[PDB]
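S.K.: Can you read through this structure? Questions will come right after.
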Amino acid sequence: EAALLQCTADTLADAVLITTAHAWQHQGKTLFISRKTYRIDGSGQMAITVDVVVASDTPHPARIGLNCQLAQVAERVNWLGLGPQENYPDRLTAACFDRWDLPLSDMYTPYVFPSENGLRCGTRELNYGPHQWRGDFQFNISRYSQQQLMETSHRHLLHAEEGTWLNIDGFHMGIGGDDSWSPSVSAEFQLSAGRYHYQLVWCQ
Amino acid sequence: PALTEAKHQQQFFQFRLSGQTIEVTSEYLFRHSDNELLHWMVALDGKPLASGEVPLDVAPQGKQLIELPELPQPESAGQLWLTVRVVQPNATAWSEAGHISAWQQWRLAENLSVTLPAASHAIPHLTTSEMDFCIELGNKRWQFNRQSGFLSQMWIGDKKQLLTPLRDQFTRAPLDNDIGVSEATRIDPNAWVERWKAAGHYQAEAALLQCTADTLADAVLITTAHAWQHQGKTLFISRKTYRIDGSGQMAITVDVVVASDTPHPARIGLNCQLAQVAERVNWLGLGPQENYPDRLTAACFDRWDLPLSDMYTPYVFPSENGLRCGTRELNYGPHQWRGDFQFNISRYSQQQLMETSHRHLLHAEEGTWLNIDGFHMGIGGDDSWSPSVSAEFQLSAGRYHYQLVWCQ
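Chains as they are written, first to last, in the entry's author numbering: chain C, 819 to 1022; chain A, 615 to 1022.
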């Protein structure tokens, strides 16, 4: 569970600066600390910078990023990044960097056993409805939450939720696949650095 | 300093940690370990918590499981480190008593610091002229030149602390592996120093893009942006944030963007010439000896304290030297730097080390040159006549971020 450590808001000469800090604790042990900075300037852009510290003795996290459920359900997803198909940090050599435009149903890979899917790496710009995100990030975008994908055994039992779930990751673990009965993610695709930084710009 | 790396990689005992258990594998082919005891230590950010000695009785090519006791679990914040050493108690024909023949270090459990900073009641005062931003807090004072964009001077009382402003540095005095077989008559265009010179890394000039200063509820926020350009081509863009709070600490965050078509920079960090010449350097990091990102396996994380002359490696052909990686805290005179950085500290600038052919022609400059790097390129050394820095030690990510806290 996230615990708010501090939250400050300040007006600058040309922007509003919101600074937060959270800790993720499990049974008294702090797993993650995230320190964020929100900068809304006069152009309407919101620049988010995120600094995450991971405890070295916890197992390395699967991702480091943000999620939200948008209220919009738009029909097409437009992004400047690697694609068109879903790709992961250890499975992205076949993807090409270009401007890609797909319907929202193509951003979901219907694996029969539901899991994490639809990630697009190396993305510099993401357009969905009125929104635009910029930076260098990984994203997936679907009608299914990560909680629903975790608790559902078959893809035909998935129901589309209200709105659209967006995950934007600064960092994502590799998927492995040397075999599927021992840990097979190699060490250069594990999130083991301990400190992580990424930046986003939300705008319209 | 490379001899210690050779000693550690060639050591005859290999170690593996699994929970509380250390297995010690002998790589001797013929002898039993009859002159060996394992000394272990557990430390929390350099200060020791537990220790012990176990005699080694391991067969040639055998194993020995060492069960550690119930290790201390301090609720204080910090990384807990386990260090083992193989000590030879008796003298041999070739070694003294107490000779250390093998070692290994591991990280144990970490407690992340969730403690809020102590809310002081003082506030630093921002004064803006057209030449500078001036921030004073107590006897401390910081000055940022508004035309260069860098922190140009810092005061403690009335003592100036700097001789040269705190500026970004993207180069190093080139190593012998950086130079290769290139000289002024025959340019080797594949060598790293010739790619850095042709790209203009040694002569790229910083251009201030913007500089803002703002007073917060509890701090002063200075935000700058510089571009390094060579013949119209922008090589690097650095965006900094200086946050001086009421406790006197200055938190610096640096975001660097590197152009993907320029050759990868030798380092990404800061330099300044301090006015202080102190006699001893104290740091919490990897050491005691100099180490680099591809030559740091022999270094141990501990609290190290050396004289300033030990922080300089006197290579006969002068180059970049004396770097200490993995450093979380650096103490030099009144100053303290914190973060996770690489540093070297010496009386010789990188410019002097580059232009001087012999170590006896080096003269100590006024004050002390400090380089603090968030990121540093590997040194290579598969050979010294072709590029030998492997791809995982080149600074190729394109975007870099690091954070420092300067305090007293």
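Even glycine gets a Cβ: it sits at the ideal position worked out from N, Cα and C.
(1) Excluding the 5 residues preceding and the 5 following residue 926 of chain C in the sequence, name in chain order all residues of the same chain whose CB lies nearer than 8 Å to its CB.
(2) Taking residue 906 of chain A as the reference, which of A/775, A/1003, A/744 has the closest Cα?
(3) I think residue 858 of chain C touches residue 870 of chain C, with their Cβ atoms under 8 Å apart; what is that distance to the nearest whole Å?
(4) Would you tell me roughly how many angstroms separate the C-alpha atoms of residue 819 of chain C and residue 841 of chain C, rounded to the nearest one?
(5) Who does residue 931 of chain A pair with in a DSSP beta bridge?
(6) How would you label residue 786 of chain A, buried or exposed, when you count the other beta carbons within 10 angstroms and need 16 or more for buried?
(7) Could you tell me whether the Cβ of residue 874 of chain C comes closer than 8 Å to any Cβ of chain A?
(8) Compute the beta-carbon to beta-carbon distance between residue 647 of chain A and residue 663 of chain A, rounded to the nearest angstrom, for a pair I have assumed lies under 8 Å.
(9) Under a three-way DSSP split, which group does residue 1088 of chain A fall into?
(10) Helix or strand or just coil, what does DSSP make of residue 841 of chain C?
(11) Closer than 8 Å by beta-carbon distance: list the chain A residues that pair up with residue 863 of chain C, in chain order.
(12) Is the shortest distance between the beta-carbon of residue 1031 of chain C and the beta-carbons of chain A less than 8 Å?
(13) Could you please give me the residues that DSSP links to residue 672 of chain A through a beta bridge?
(14) Looking only at its chain, what residues have a beta carbon closer than 8 Å to the beta carbon of residue 863 of chain C, apart from the 5 residues adjacent to it on each side?
(15) Between the Cα of residue 966 of chain C and the Cα atoms of C/978, C/866, C/958, which residue gives the shortest distance?
(16) Cβ closer than 7 Å: which chain B residues qualify as neighbours of residue 1013 of chain C?
(17) Find the residues of chain C that neighbour residue 724 of chain A, judging by a C-beta separation of less than 7 Å, and give them in chain order.
(18) For residue 875 of chain A, does the count of other Cβ atoms within 10 angstroms reach 16, so buried, or fall short, so exposed?
(19) Have a look at the DSSP bridge pairing and note the partners of residue 982 of chain A.
(20) Beta-carbon of residue 824 of chain C versus every beta-carbon of chain A: anything under 8 Å?
(21) Which partner residues does residue 811 of chain A have in the DSSP bridge list?
(22) Give the range of the alpha helix (DSSP H) segment to which residue 1023 of chain A is assigned.
(23) Please list the partners that residue 831 of chain A has in chain C, where partner means a Cβ-to-Cβ separation under 9 Å.
(24) If contact is defined by three or more beta carbon pairs under 8 Å, each pair taking one atom from either stretch, is the stretch 878 to 893 of chain C in contact with the stretch 969 to 984 of chain C?
(25) What does a CB cutoff of less than 6 Å around residue 699 of chain A pick up in its chain, not counting 5 residues either side in sequence?
(26) Can you confirm whether residue 645 of chain A, when its beta carbon is compared against all beta carbons of chain C, has any partner nearer than 8 Å?
(27) Residues of chain C with CB closer than 7 Å to the CB of residue 728 of chain A, please, in chain order.
(28) Using the three-state DSSP reduction, which class does residue 974 of chain C fall into: helix, strand or coil?
(29) Does the stretch 835 to 855 of chain A come into contact with the stretch 806 to 818 of chain A, if we say contact requires no fewer than three beta-carbon pairs (one atom in each stretch) closer than 8 Å?
(30) Helix, strand or coil: how does DSSP classify residue 1008 of chain A here?
(31) Please state the DSSP three-state secondary structure of residue 969 of chain A.
(32) Name the one or two DSSP bridge partners that residue 862 of chain A has.
(33) Closest by CA to residue 1013 of chain A, which one among A/689, A/929, A/878?
(34) According to DSSP, residue 876 of chain A sits in a beta bridge with which residue or residues?
(35) With a CB to CB cut of under 8 Å and the five nearest residues on each side skipped, what residues in its chain are close to residue 751 of chain A?
(36) Return helix, strand or coil for residue 937 of chain C, following the three-state DSSP convention.
M.R.: Once the coordinates are examined:
(1) Walking along the first sequence from the start, residue 926 of chain C turns up at place 108. Taken in chain order, the residues that qualify are 935, 936, 960, 961, 962.
(2) Residue mapping note: residue 906 of chain A aligns to position 292 of the second sequence, counting from 1. Checked all of A/775, A/1003, A/744; the closest Cα to residue 906 of chain A is A/1003.
(3) The count along the first sequence starts at 1 and reaches residue 858 of chain C at position 40. The count along the first sequence starts at 1 and reaches residue 870 of chain C at position 52. About 22 Å; that fails the 8 Å criterion.
(4) Taking the first sequence and counting its residues from 1, the one referred to as residue 819 of chain C is at position 1. Taking the first sequence and counting its residues from 1, the one referred to as residue 841 of chain C is at position 23. For residue 819 of chain C and residue 841 of chain C, the distance between alpha carbons rounds to 8 Å.
(5) Taking the second sequence and counting its residues from 1, the one referred to as residue 931 of chain A is at position 317. In DSSP, residue 931 of chain A forms no bridge with anything.
(6) In the second sequence, the residue the question calls residue 786 of chain A occupies position 172. With 16 or more other Cβ atoms within 10 Å, it is buried.
(7) Walking along the first sequence from the start, residue 874 of chain C turns up at place 56. Residue contact check for residue 874 of chain C against chain A: a CB pair falls below 8 Å.
(8) Your numbering for residue 647 of chain A matches position 33 in the second sequence. Your numbering for residue 663 of chain A matches position 49 in the second sequence. With 8 Å as the limit, residue 647 of chain A and residue 663 of chain A do not qualify as a contact, their Cβ atoms being about 27 Å apart.
(9) The requested residue 1088 of chain A is not part of the displayed model; chain A covers only 615 to 1022.
(10) Translated into the one-based positions of the first sequence, residue 841 of chain C becomes position 23. Residue state, collapsed to three classes: strand.
(11) Locating residue 863 of chain C in the first sequence gives position 45, where the first residue counts as 1. By Cβ distance, chain A contributes nothing, its closest Cβ being about 15 Å from residue 863 of chain C, past 8 Å.
(12) In the structure as shown, chain C begins at 819 and stops at 1022. Residue 1031 of chain C is therefore absent and cannot be evaluated.
(13) For the purposes of this step, residue 672 of chain A is identified with residue 58 of the second sequence, where counting begins at 1. Note: residue 672 of chain A sits in no beta bridge, so no partner.
(14) Start at 1 with the first residue of the first sequence, and residue 863 of chain C comes out as number 45. Cβ neighbours of residue 863 of chain C beyond the five flanking positions: 1019, 1020, 1021.
(15) Here residue 966 of chain C is taken as the residue at index 148 of the first sequence, counted from 1. Comparing Cα-Cα distances from residue 966 of chain C to each of C/978, C/866, C/958, the minimum goes to C/978.
(16) Although the question refers to chain B, the structure presented lacks it and instead comprises the protein chains C and A.
(17) Indexing the second sequence from 1 puts residue 724 of chain A at position 110. Result: 873, 874, 875.
(18) Counting from 1 along the second sequence, the entry for residue 875 of chain A is found at position 261. So residue 875 of chain A ends up on the exposed side.
(19) The count along the second sequence starts at 1 and reaches residue 982 of chain A at position 368. Residue 982 of chain A is bridged by DSSP to A/888.
(20) Taking the first residue of the first sequence as 1, we reach residue 824 of chain C at position 6. Yes, because at least one Cβ of chain A sits closer than 8 Å to the Cβ of residue 824 of chain C.
(21) The residue labelled residue 811 of chain A in the question sits at position 197 within the second sequence. In DSSP, residue 811 of chain A forms no bridge with anything.
(22) Nothing in the structure corresponds to residue 1023 of chain A, since chain A is present only between 615 and 1022.
(23) Position 217 of the second sequence holds residue 831 of chain A. Those are 826, 827, 828, listed as they occur along chain C.
(24) A contact exists between the stretch 969 to 984 of chain C and the stretch 878 to 893 of chain C.
(25) Residue mapping note: residue 699 of chain A aligns to position 85 of the second sequence, counting from 1. Hits under 6 Å: 653, 714, 717.
(26) In the second sequence, counting from the first residue as 1, residue 645 of chain A sits at position 31. Chain C, which has no Cβ nearer than 8 Å to the Cβ of residue 645 of chain A, makes this no.
(27) Along the second sequence, read from residue 1 onward, the residue named residue 728 of chain A stands at position 114. Contacts between residue 728 of chain A and chain C, judged by CB atoms closer than 7 Å, involve 823, 841, 848, 851 in chain order.
(28) Taking the first sequence and counting its residues from 1, the one referred to as residue 974 of chain C is at position 156. Here residue 974 of chain C sits in helix by DSSP.
(29) yes
(30) Locating residue 1008 of chain A in the second sequence gives position 394, counting from the first residue. In this structure, residue 1008 of chain A counts as coil in the three-state DSSP scheme.
(31) The residue you call residue 969 of chain A lines up with position 355 of the second sequence. Residue 969 of chain A falls in the helix class under three-state DSSP.
(32) Here residue 862 of chain A refers to the residue found at position 248 of the second sequence. In DSSP, residue 862 of chain A forms no bridge with anything.
(33) In the second sequence, counting from the first residue as 1, residue 1013 of chain A sits at position 399. The candidate whose alpha carbon is nearest that of residue 1013 of chain A is A/878.
(34) Locating residue 876 of chain A in the second sequence gives position 262, counting from the first residue. DSSP output for residue 876 of chain A lists no bridge partner at all.
(35) The count along the second sequence starts at 1 and reaches residue 751 of chain A at position 137. So the list reads 736, 737, 738, 739, 858, 860, 862, once near-sequence residues are dropped.
(36) Residue 937 of chain C sits at position 119 when you count from the first residue of the first sequence. Residue 937 of chain C: coil per DSSP, three-state reduction.
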